[PDB]
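[1] got a structure for you, letters missing:
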Ligand code: NA
Ligand code: NA
């Protein structure tokens, strides 16, 4: 918490155009039209094996090419 | 959920995996690709980081009145995002503020002891 | 099974930018054979399906030279974060079709899959690989364990020991002891063929080669002590670092050539020992190569005193006195052989790293910080005892304030200047800061760690005497007459009488009829 | 009181004597100096004086002096602050933490041993 109190203070006292992008920007959600709402990436591990129904891409790990 | 301090409803609101496909639009979570036990999750982040006014990271950090702030920053879109914002601009802006202040007190020290 | 009967390729090796290093990046190194991710992703029914197919290869290597078994070793991580099917997927694939040929196979970088359990640090698969009791008699040949005789609750076990002890190159005891990169070394030496074998190798040659190295070094520092306290001095500024006595009564001639030989021999031995392993700046230079480093600092520091005699510096006594104080403090290394002092020598080693090193950075910041403030008041043109020839600088305000932690004498708040209810204020600020707050942190902080470390301080000590036995055995270039083992005792085969063995014991529970046995119930050798 | 003269201070007194004797000879090899301590013709300043001036640093001594002594007194001051860091703040404070672990381990069965 105590280093969380400083990061939101330095980011508030940084009046640039905020070039530092922390996030995947404008990556697609599941819709025919709604391509918005910039995103984040994390990882999962071993248990609870199941067939995977909902997915976004045809199994790459990074961006394709 | 943030300002009242209700932690258990806030663990649900950030993930909210929706299995059924006709209404997967309203989820805050998407499995990008799986291939087995190494799947790449993806959180929504539309009202979380300080990019608008009064976002849910700015409430839960700056707040009084709650004894449950330090536990609620364990949650997943709030946890990795503080790691990223530390990684690319805070680590310098903290160590430069250290260097601007460690060099400050030496200049106050030498002028009031030596001469 | 439709696609298998259709005629798909069962042996297709998928290369690419998976098996990426950094598991976080895309990453699923599983071997790349189609048999492997059947076994790797916990699919036991389809493991049976691929093994029934006669077209399926089992022996086929991969991009890293790895077979089926090298891949299945390097995915386990724990018992906790898995159902532990890797132990039974390992067993299902050997018995289904297996000779020794699939086990002995080395990979691209020349590494047995037994050794791959060691260097990767997979502990749970390594408990299985050393025992591996095989019940069914047509394939008891591939076991690493044999019940010799039972007679009830006192049965005599027997471990295989074919690639374990340092009798070949790069054996699984030599990996797991000398290794960095793992936090799981001290737990893995609890396992049975690794545990009793260190007890045997300690019993017959290490106990002497450790206590003789103690006697060769305790008698060393006394000869360095007496020559630099009793007779350095004769009347002039003649340097004379190690006394000679060219005249009769051969004592200092014998004493000088005693030190200069043993200082060189302890330098060349450690100078090759430190030029074997590369630490990384912390945590590996501080645990395994610390007393390799402390001896080497002492050894160069003694032979440097000879070159202080070369053309007569001023440092011939001031350097050699540092070798004496450090020469007694590293005697605390050689009390590693004892048991009860062994646990004490890790709870003194860990708390100079964990609790007082955090302390000395905080305490110096208060020592220096209040140090300048009292020094800025002390000047006063009245400073301390007629300040014309006397003192009263900054360091005097450190020596009058470092002495407030221990007994000083009289704490004076007298003749000093402009506002002595500020000079009295910063003094009682300092005693409240570090006499009653910041020193008494340390007893409470040490009290938390020594009940956190001394639940596993024993096994860390077992590692530290394991680091010495494999060093003395490596520095013993004889023909190794000391036999630690039953030699060439028979395995269960018509022809294969080889693979020298080991003996251990079992006790009361789980009563059963004894099927597999080697002899008709003797306890020792017959006759 | 009977078990901790066997279990904790007996490990202590072997380690502390090794630092008492070990730094004892090193300060004794510097103290001689032909200036040793208060007109060294009839007076003293042998090895045991460098033990009595250094056994007294555990308890109250009087004045710790770093004065008139010889060739490099930023080594004589260095070994003194080496000793106080070794046994005033490290090796004595082991013992309270070590005793604190045993008397909650023995005093669950200290009654029956008394019986
Ligand atoms: Na305590
Ligand atoms: Na005192």
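    Received the coordinates, thanks. Numbering: from 1, shown residues only, chains lettered A, B, ... in the order given. Ligands and ions are numbered 1, 2, ... in the order given.
[2] The residue most central in space within chain A and residue D:74, how far apart?
    The centre of chain A sits closest to residue A:40, judged by CA atoms, centre = their mean, with a distance of 1.0 Å. Per CB to CB, to the nearest Å, residue A:40 is found 56 Å from residue D:74. C-beta here means a position set from N, CA and C on the backbone, and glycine is covered the same way.
[3] coming back round to it: what sits closest to the residue nearest to the centre of chain A if chain neighbours are left out?
    Computed as CB to CB, 6 or more residues apart in numbering or on different chains, the closest residue to residue A:40 that is not its neighbour in sequence is residue B:43, at 4.3 Å.
[4] Quickly list what that neighbour is bridged to.
    Note on residue B:43: beta-bridge partners residue B:29, judged by DSSP bridges.
[5] List the contacts of it.
    Residues in contact with residue B:43 (CB atoms under 8 Å, 6 or more residues apart in numbering or on different chains) are A:39, A:40, A:42, B:14, B:15, B:28, B:29, B:76, B:77.
[6] Next one: the residue of chain A at minimum distance from ligand 2 from chain C, what distance?
    Proximity of chain A to ligand 2 (CB to the ion) peaks at residue A:2, 38.8 Å away. Per CB to the nearest CB, to the nearest Å, residue A:2 is found 17 Å from chain C.
[7] repeat for residue A:55
    For residue A:55, the distance to chain C - CB to the nearest CB - is 15 Å.
[8] for residue A:36, same thing?
    26 Å.
[9] For the residue of chain A found nearest chain C, what are phi and psi?
    Among the residues of chain A, residue A:61 lies closest to chain C, at 2.4 Å counting by CB to the nearest CB. Residue A:61 has phi and psi values of phi -110, psi -50 when expressed as degrees, to the nearest 10.
[10] just residue A:51 next, same as before
    Torsion angles, degrees, to the nearest 10, at residue A:51: phi -70, psi 140.
[11] Could you check how far it is from chain D?
    Taken as CB to the nearest CB, the span from residue A:51 to chain D is 53 Å.
[12] Residue A:24 too?
    From residue A:24 to chain D the distance is 50 Å (CB to the nearest CB).
[13] same question, residue A:54
    For residue A:54, the distance to chain D equals 53 Å [CB to the nearest CB].
[14] same check, this time on residue A:12
    For residue A:12, the distance to chain D - CB to the nearest CB - is 42 Å.
[15] Also residue A:21?
    From residue A:21 to chain D the distance is 48 Å (CB to the nearest CB).
[16] tell me the phi and psi of the closest residue to chain D within chain A?
    Closest approach between chain A and chain D, counting by CB to the nearest CB: residue A:2, at 27.6 Å. Residue A:2 adopts backbone torsions of phi -80, psi -30, taken as degrees, to the nearest 10.
[17] near ligand 1, which residues of chain A?
    Nowhere does chain A come near ligand 1, counting by CB under 5 Å from the ion.
[18] Which residue would be the closest one in chain A to ligand 1?
    When scored by CB to the ion, chain A has residue A:2 as its residue closest to ligand 1, at 26.9 Å.
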